[PDB]
Structures are given as structure tokens and as C-alpha cells.
């Protein structure tokens, strides 16, 4: 890394205002229908969101006891933005090591904890449940069949991207990116705080973004300096953030922090979701960092729409019979 992170945290130059500050009672499906979820949103307060979080003093070791000491986890080497892997017990030990004793900066942003004890301790905002393609489009009996709590692709019965635990030590940086498949992101600061930089996905900015990835000077160019308008903004403890599809963002951690969030495709900015997928195609992103079963899910979205409106099914007889059985529960 060849740019000075501390000036990027100190400058006033990132003074765009893209974020709408909202009350939770107003974040509903009518709002989504009306606005296309195009705008980043901040809920300073969790009222009317329908969220559920763990005990306020929950710790990384608590997380590890719910997901298992031996669960393998993706960790990010901050310095290089490369990925490594260790067990949650090892991660927990790193995280409990004193600041001055930790040789390297490591971040976890990719612990998906569905089908573990932790999963029922966390609930997203309700409105997400009304629009997430996983819930509303994927054949239910497949989703329900999932037993594996890791992200082993071979055991995966649906796109396992709904509930993530992110655990970050003071000093963590995640460089500019767009979430996989153009997914939208909900993001809840349980303990600590985060600083975000936000760039809107105008055609131009997405062009710069892709060019920047293909150039590999990502440690050299702070992408926010390359664009007309960038907003830097702090999330405090108990805030909830929603990031629309395509939004290019980086994130710094000023204090040890615990965050629960997750990713979701929806029916209201499909064009963007496809744009982002195609950028991953072109820049050759490994499958593992992508949204599982992307096109498969898109096929099921089409089938649902035609079925819910016209009442003609394009599912197999067996799949139709599995859905009837669940309708009768």
C-alpha cells in the first residue's frame, strides 16, 4: 500500500451526501417499490426495523462457541488484501491478543453462520425478508434441506449468503469493492464503529472501477480520489446501514468491532445486479468469491413471476408437488 490511509481518514474532501437517514417504521415494501432501493440508508436507531441481535456484550469467543472451535474461517490479510484460512479458535486467540502483540492486521468479514446456534440470535430487518430472492424465489424445500453450516459448495442447497458475522480489530481496512453479484447489503454495528467510503455506480465510475481492478494498482490508487464525488461516513454502535446494488465501497475500522450483516439480491435493481456479475466475469473473479448459483436463481425468479401473476407453472411436476406440500403445513 502506497497511499496514506490516515489522510484519507482526515481530509474533508469526501463531502458528498448520498445517505438518507431514516426511521425503521418507514423502511417498508412501499418505500422499496417507490424508490428502487437506490439510495444508501442509515438507521441511527433500530426502532421499527424488526432486527434481533445477541446479548449486547457478546464476544468473539461467544461466536466461536456457537459456530464451533474447529470451523474453518476465511480471514483477510489487511496488508495485502489476500485471503487466508484458520479455525475459529485460532481466530478468537488472535482477536484476544493485545493490540501491541499482534504481529499482523487480520480482518474477518466472511463468517456465514446460518444453520448454527448463532443464526436464531440474529434477525435482519423485516423488509429484507419480503424482497430477498433466497426467501421468495428459491424452491423452499431445497433451502430447508441445508444442513452444512460452512460454505462448502458441494453441500450447498441454496445461495448461502444471508447472515454474516464480521469481526474486526482496530486498524482493519477493506479496500474498494462491490459485493458479489451486485448484492445489496444490510449491516449492523453491534459493538464498535466503522468508517465507510461510498462511490455511486454511475456508468463512468463503474468503468473506472473495472479498469482499476484490471490494472492491479489497487494498493497504489485510492479509488475515491479518482471520482467526482465520494462520501466518507461514520457508523456508530447500534446503527444499521443498507447499501444498494453496485455501490463501490471501502471500510476502515477505528476500534475493535463486531458487526452482523448480510447480502441479498432483489427484484428492484436487476439491471445493476447483472452489470456487476458481468464485471466479475470480465475481471476473472474466482468462483469462490462469487454469489452461489447466480443464474440458477435468476431462472427461478422468472418462473415465480410468471407463476404468481398468470398461475402457469414452469417447474417440474415433482418440484410443484414439493411446493404444495409446504403450502399445506
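Positions refer to the first chain, counted from 1.
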On average, are the C-alpha B-factors higher in 96-104 or in 195-203? 96-104
Which is higher on mean Cα B factor in this entry, 211-219 or 149-157? 211-219
Of the choices 120, 110, 162, 90, which one's C-alpha carries the largest B-factor in the record? 120
Among modelled residues of the same chain, the CA temperature factor third for residue 303: lowest
Of the three thirds of its chain by CA temperature factor, lowest, middle or highest, which one includes residue 66? middle
Hey, what third does residue 44 fall into on Cα B-factor, ranked over its chain? highest
Taking the entry's C-alpha B-factors for this chain, is residue 286 in the lowest, middle or highest third? middle
Of the three thirds of the chain ranked by Cα temperature factor, residue 81 occupies the middle
